[PDB]
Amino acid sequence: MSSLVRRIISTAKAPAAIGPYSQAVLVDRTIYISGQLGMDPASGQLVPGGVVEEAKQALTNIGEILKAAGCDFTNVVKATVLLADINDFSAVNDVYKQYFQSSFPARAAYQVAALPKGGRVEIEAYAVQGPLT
């Protein structure tokens, strides 16, 4: 069968791996993006200011990974929003909405027991390289 493209996505505009994973993997046309915490890309540290600031940084991180793969947020087809606190759902929703102009992805969003580094939010995503009709 055809040999499908498989490319590790890696940019210094997103945080370095603090464990055994790639930022994202592009395979054929689908990009599987690792869960992103609200880590400042230069320092590798959670940004201050709690869940809202962290959500903004996490989504910014995803945006830079998408850009490295020739995509933007319009390429995203599914996301998962992992919360440390379900009471933050409204606040996180309002952040998240700002990163999608259109064609809102499929999503699941819920509270887990704990995230790495005591993050308040982690977002994973799936995207498909364009062109998309």
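Just count from 1 along the sequence shown to find any residue number.
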key: Average Cα temperature factor in the PDB entry - higher stretch of 15-23, 121-129   = 15-23
ask   = Out of 51-59 and 30-38, which one has CA B-factors that are higher on average in the deposited record?
value = 51-59
remark   = Highest CA B factor of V77, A108, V92, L66, as deposited, is found at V92
note = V112: CA B-factor among chain residues, third -> middle
ask   = C-alpha B factor of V81, ranked within the chain: lowest, middle or highest third?
value = lowest
request  = Consider only the C-alpha atoms of the modelled residues in this chain, order them by B-factor as the entry records it, and name the third containing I8: lowest, middle or highest.
outcome  = lowest
